[PDB]
Amino acid sequence: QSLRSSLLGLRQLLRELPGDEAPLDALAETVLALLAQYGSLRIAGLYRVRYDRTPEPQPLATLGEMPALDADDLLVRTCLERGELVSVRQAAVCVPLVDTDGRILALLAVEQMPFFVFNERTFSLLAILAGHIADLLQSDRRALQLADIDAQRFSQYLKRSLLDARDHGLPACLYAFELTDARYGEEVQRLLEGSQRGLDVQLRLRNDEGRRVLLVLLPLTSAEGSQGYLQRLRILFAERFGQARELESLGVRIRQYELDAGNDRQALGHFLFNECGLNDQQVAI
Ligand SMILES: Nc1nc2c(ncn2[C@@H]2O[C@@H]3COP(=O)(O)O[C@H]4[C@@H](O)[C@H](n5cnc6c(=O)[nH]c(N)nc65)O[C@@H]4COP(=O)(O)O[C@H]3[C@H]2O)c(=O)[nH]1
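Residues numbered from 1 in each chain as written, not as in the entry; some residues may be left out. Heavy atoms only, no water.

As deposited, the entry is annotated with X-ray crystallography as its determination method and 1.7000 Å as its resolution.

Let us now look at the packing of aromatic side chains. With the rule as written, the count across this model stands at six aromatic pairs. Here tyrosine 175 and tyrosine 229 contribute two aromatic rings whose centre-to-centre distance is 5.5 Å and whose plane-to-plane angle is 45 degrees, an arrangement assigned as tilted. Of the two residues, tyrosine 175 is situated in strand 6 (residues 172–179) and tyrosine 229 in helix 8 (residues 223–240); the sequence distance between them amounts to 54 residues. Both residues of the pair, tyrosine 175 and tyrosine 229, belong to the buried class. With centroids separated by 5.9 Å and ring planes inclined at 35 degrees, the aromatic side chains of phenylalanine 237 and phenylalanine 241 adopt a geometry described as tilted. Judged on exposure class, the residue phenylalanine 237 and its partner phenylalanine 241 are both buried. Members of the aromatic cluster, each reached through a chain of ring pairs, are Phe115, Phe118 and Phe123. (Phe/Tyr/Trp six-rings, centres within 6.5 Å; stacked < 30°, edge-to-face > 60°. Helix = DSSP H or I, 4+ residues; strand = E, 2+ residues; numbered from the N terminus. Buried < 20%, exposed > 50% of the residue type's maximum accessible area, 1.4 Å probe, protein only.)

With that settled, consider the pattern of salt bridges. Under the defined criterion, the tally for this structure stands at 17 salt bridges. With a shortest N-O distance of 3.2 Å, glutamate 178 and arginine 255 are connected by a salt bridge. In this pair, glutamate 178 sits in strand 6 while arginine 255 sits in strand 9 (residues 252–259), placing the two residues 77 residues apart along the sequence. The residues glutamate 178 and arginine 255 share a single accessibility class, namely buried. Residues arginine 204 and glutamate 193 are paired through a salt bridge, measuring 4.0 Å at the closest nitrogen-oxygen approach. Linking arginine 204 in strand 7 (residues 201–206) with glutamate 193 in helix 7 (residues 185–194), this pair joins segments that are 11 residues apart in sequence. Connected through salt bridges with shared partners, the residues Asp25, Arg48, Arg50 and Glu56 form a single ionic network. (Salt bridge = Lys/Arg side-chain N within 4 Å of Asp/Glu carboxyl O.)

Below you can see the structure in the form of structure tokens.
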């Protein structure tokens, strides 16, 4: 998907960043360009938002003939107080960039976009992109948390995918591969690890029965995509192990959870903490 590829591009730029520089500053032009692309924006600005939810007037990046952000514009204030996209529908749109913790990192202020995209469809896409960008900027904070980087990333991406589903009806899939045959477990796990692609993230765990469980989250992925992933995995497994071998004959038990705003609130817990035999110390947020 174009969104996934856009986010992968930005993530890679963030990984290629020298390391000393503040992420929002160094990639401000890119962030604005991305938001401009998806919103068909013509005049807009990107601003840093302080901890107390007040905006920094000095623009990080501008598009078109950008007029200065004044004192307390009603749209800017409502946006930052709600932590949500606000438009003057019914000085066009304000989009906050909010991480999975609810921290407003930045503000997109749009002065001009074509009226034919001044609608809920485009607003939703702007909001989706803003949330994902905000998450990507928070990688400079992992250095002060105890959990392994892979655990922090998995947690963040999972929460974002839960938010995507709840707020925007966007699809994602969780797979749990339970490795029940200890002869094959290590090599099966290594093959699963090597298969990781794009925004997918994995967690390597041991469940309450002492078995290897590899969790894989597939963000922004349709049901057709999630089935495509398994078809690709089966081809890889066939290459690696016998043609006369299936994932299942190597001891792999596959459990799948499709993220959806229809699923009951207790469902993910049942899946991970009962079915997969995991606990809240292993997976949370
Ligand atoms: N989340 C997730 N979904 C998966 C994965 N593997 C397969 N899929 C799903 O199954 C479709 C077909 O994958 P394919 O046969 O590898 O066919 C792919 C593959 O030939 C190529 N492609 C896409 N991304 C990559 C990549 O990161 N590396 C390589 N080498 N090829 C890619 O483009 C074709 C279509 O890609 P998509 O549009 O992404 O469409 C993908 C995607 O919807 C996965 O590891 N994670």
